[PDB]
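Student: Next input, structure requested:
(chains A, B and C)
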Amino acid sequence: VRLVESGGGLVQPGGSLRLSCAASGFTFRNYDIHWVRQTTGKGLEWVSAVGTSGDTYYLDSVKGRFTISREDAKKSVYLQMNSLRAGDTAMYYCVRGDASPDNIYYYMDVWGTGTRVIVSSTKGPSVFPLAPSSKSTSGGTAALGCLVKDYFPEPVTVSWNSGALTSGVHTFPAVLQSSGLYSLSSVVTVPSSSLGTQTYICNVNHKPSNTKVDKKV
Amino acid sequence: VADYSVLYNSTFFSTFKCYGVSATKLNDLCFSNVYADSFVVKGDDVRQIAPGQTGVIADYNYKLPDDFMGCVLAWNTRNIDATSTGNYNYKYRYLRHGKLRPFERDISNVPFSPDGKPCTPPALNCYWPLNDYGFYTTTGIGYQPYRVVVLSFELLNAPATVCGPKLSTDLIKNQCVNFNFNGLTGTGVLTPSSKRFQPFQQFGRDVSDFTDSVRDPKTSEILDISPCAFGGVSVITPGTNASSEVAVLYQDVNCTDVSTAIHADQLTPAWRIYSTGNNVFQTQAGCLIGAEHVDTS
Amino acid sequence: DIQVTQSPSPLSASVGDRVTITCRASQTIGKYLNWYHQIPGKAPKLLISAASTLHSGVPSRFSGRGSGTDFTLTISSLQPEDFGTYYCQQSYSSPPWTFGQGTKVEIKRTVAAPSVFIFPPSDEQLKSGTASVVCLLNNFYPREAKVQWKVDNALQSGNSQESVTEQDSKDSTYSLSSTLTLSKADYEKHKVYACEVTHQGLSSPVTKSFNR
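Tutor: Numbers count the residues shown, from 1 in each chain, chains lettered A, B, ... in the order given. This is the structure:
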């Protein structure tokens, strides 16, 4: 029993965009199908679900807007998003609830993968080069700078020469600003000898406009 | 036999709330006893119909135990229970000694005072403890007549009086499958014919005292099971010292269902290293799988 | 509806085997209360049933109890692969299907001194009209220290954004990056930019500043 998601979200608030939820070899004719909204640090409120009969429930807030449709033979469940707002951008899941004797509770054990409907419009990342290496603190420890801004999606990664030493460093998750963009601040630990040695090339890539760019900071 | 067909369809109810039983899985449970409670509320006042929620419409007019274990519904009737010249037809109690008991009804009409006070209409402050609603046409959303139907589901120590509906299967015809037409079990091929049954006749047997046909209990009254393919399979061997190839000799078959069973792995004597190249069908055929029907003599 | 609350602060993990994960609600429920578990990074999953219908997939060490109105999650010796946020859902009201808030179980570690570093904005950034002051805070276990921004002996708040990373599996420390977004005119008007760091493991608040 496993479900795989598909599709996503790219249209602006005020359009139509449907989703899909597949199934597996399990007998999908008597169970139910739910939807989960994960806004990464908010509430997960959803009750809209359809069953074998003509049961068509909806949420109290979003009522009469989103329609539900399931197909037993096709093993696919669709969810069209009509009149999309700006506060519904989150991750959508698909689970299955069931009760042991007849009605004890809903299992919701088997989850899916997750789908986001990021509305609005993507942006092309920009990298600020020429980070201060040694202007006020030469000895001790320091770090470089590869801050990136002006990008709606963040399917990126910051590699440091594909691995050269054994220090240990990771990136920072971006946060949504007030304007509607994200910002990342990548740092790296310096070894015992960094002045006059191998530099570090931030391998920023995966641009929505398909334009690679690399520069030493 | 609670079908629960008018509850899922016609999605026009305002609040479809289920407390104990699941809102979806209802066509399988066998409730002990069900009850209906109908009343009309005024707009947004439908907020105390849940176990634990108290207020003025929860202890003076209709109470609710801590474990209700049932569903409730509510549908708007603004275009029915509202006029443009006065709809003073519904009242509610809001003054009573203490609180009501679970599943209690009181139709009393008398001024109340917890100090005696027979309360002749003017005494010092006596008045009728029954206020009328404000049902009108040009009002807001929170001032509309809402008819709340309370379904009291119970699972007490009693036989299964009320249960869910019994969904019948599809009609798989022209295939040897198992059939259960309300007790009539077995296995056969559902094929129609040109017989004429009587309206009172439910099922029909053959001359050999075997069930021949029966009307579908569901709908579309037609004929029923025909016997499947069977017989004695024989092996044709031209001699071990001569060759090592054989041919099946299925005694009495149509040489069409056996091929489908072999291609779908449905026959019981299914050999692992057996195949099919050609099928011949004559009177007492014995389909020669592996032989050619030459027109010589 | 059924207002269900959880623990206000996430409880860490240690060599012990006792947690304080609760799923108290407003009304009373006999057994209409389940328990879930969401590992940060992947999808959630069912962890504990209604205390009497434990299914497969979850080891028998994860137990569950509850009666009346106070529900507790009795868990056995914790495992490093069984950490994350544990949620719970009530089963006494179908329309308001809501999940829990979140009870993260991170691993106890020695309080580490945050690496206080500040980086001035690049010269090419000022050509676009923006200026971002980045203050780096790495190598610290307690995820409770907040960054204080002071510009020209004046407290600044509301224009700073912080980013907290997950707990690493190598040193069991956290990393925080606070970026102060300011305009070009406001950046050229001021000269002093200090990043005040108040941490539990530090005897004195370490403040780093630079001159423009």
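
Student: Who's the closest spatial neighbour of residue 167, skipping the chain neighbours?
Tutor: In the absence of a named chain, chain A is used. residue A:189 (4.7 Å; CB to CB, 6 or more residues apart in numbering or on different chains). The C-beta positions use only the backbone N, C-alpha and C, and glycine is treated the same way.

Student: my question was about chain B
Tutor: residue B:27 (7.4 Å).

Student: what's the answer for residue C:75, then?
Tutor: Closest to residue C:75 by CB to CB, 6+ apart is residue C:19, at 5.2 Å.

Student: Ok, residue C:202 next?
Tutor: residue C:113 (6.0 Å).

Student: Residue A:18 now?
Tutor: residue A:80 (4.1 Å).

Student: how close does the residue nearest to residue B:114 when sequence neighbours are not counted sit to residue B:68?
Tutor: In space, and not counting its chain neighbours, residue B:114 is closest to residue B:97: 5.7 Å by CB to CB, 6+ apart. Per CB to CB, to the nearest Å, residue B:97 is found 24 Å from residue B:68.

Student: When these two are compared, which one has more neighbours?
Tutor: residue B:68 (23 against 7; other CB atoms under 10 Å in any protein chain shown).

Student: so who does the spatially most distant residue from the centre of chain C touch?
Tutor: For chain C, the largest distance from the centre (CA atoms, centre = their mean) belongs to residue C:127, which lies 36.3 Å off. Residues counted as contacts of residue C:127 (CB atoms under 8 Å, 6 or more residues apart in numbering or on different chains): none.

Student: how close does it get to residue A:204?
Tutor: 20 Å.

Student: go on, residue B:188?
Tutor: Taken as CB to CB, the span from residue B:188 to residue A:204 is 71 Å.

Student: higher neighbour count, these two?
Tutor: A direct count of neighbours by other CB under 10 Å for residue B:188 and residue A:204 places residue A:204 higher, at 22 against 17.

Student: where does chain B come near chain A, residue by residue?
Tutor: B:4-5, B:8-9, B:11, B:16, B:21-29 (CB under 8 Å from any CB of the partner chain).

Student: Derive a ChimeraX selection command for the buried subset of the residues you listed.
Tutor: Applying 16 or more other CB atoms under 10 Å in any protein chain shown to these leaves a buried subset, and the ChimeraX line that selects it is:
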select /B:4,8,16,21,22,23,24,25,26,27,29
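
Student: Next step: the residues of chain B next to chain A restricted to strands.
Tutor: If you go by DSSP state E, the residues of chain B next to chain A have nothing in strands.

Student: In helices, which of the residues of chain B next to chain A appear?
Tutor: Counting by DSSP state H, the part of the residues of chain B next to chain A found in helices is B:5, B:8.

Student: and which of the residues of chain B next to chain A is nearest chain C?
Tutor: The closest of the residues of chain B next to chain A to chain C turns out to be residue B:23 (CB to the nearest CB; 3.9 Å).

Student: burial count for the nearest residue to that closest one once chain neighbours are set aside?
Tutor: Nearest-residue entry for residue B:23: residue C:94, 3.9 Å, with adjacent residues in sequence omitted and distances by CB to CB, 6+ apart. The local packing of residue C:94 (other CB under 10 Å) involves 20 other residues.

Student: Residue A:213 too?
Tutor: Number of residues near residue A:213 (other CB under 10 Å) recorded here: 13.

Student: Roughly how far does it sit from residue A:93?
Tutor: 35 Å.

Student: ok, residue B:207 to residue A:215 distance?
Tutor: Residue B:207 is 96 Å from residue A:215, by CB to CB.

Student: who has more neighbours, the two?
Tutor: residue A:215 (12 against 6).

Student: In terms of helix, strand or coil, where does that one fall?
Tutor: coil (DSSP: H, G, I helix; E, B strand; the rest coil).
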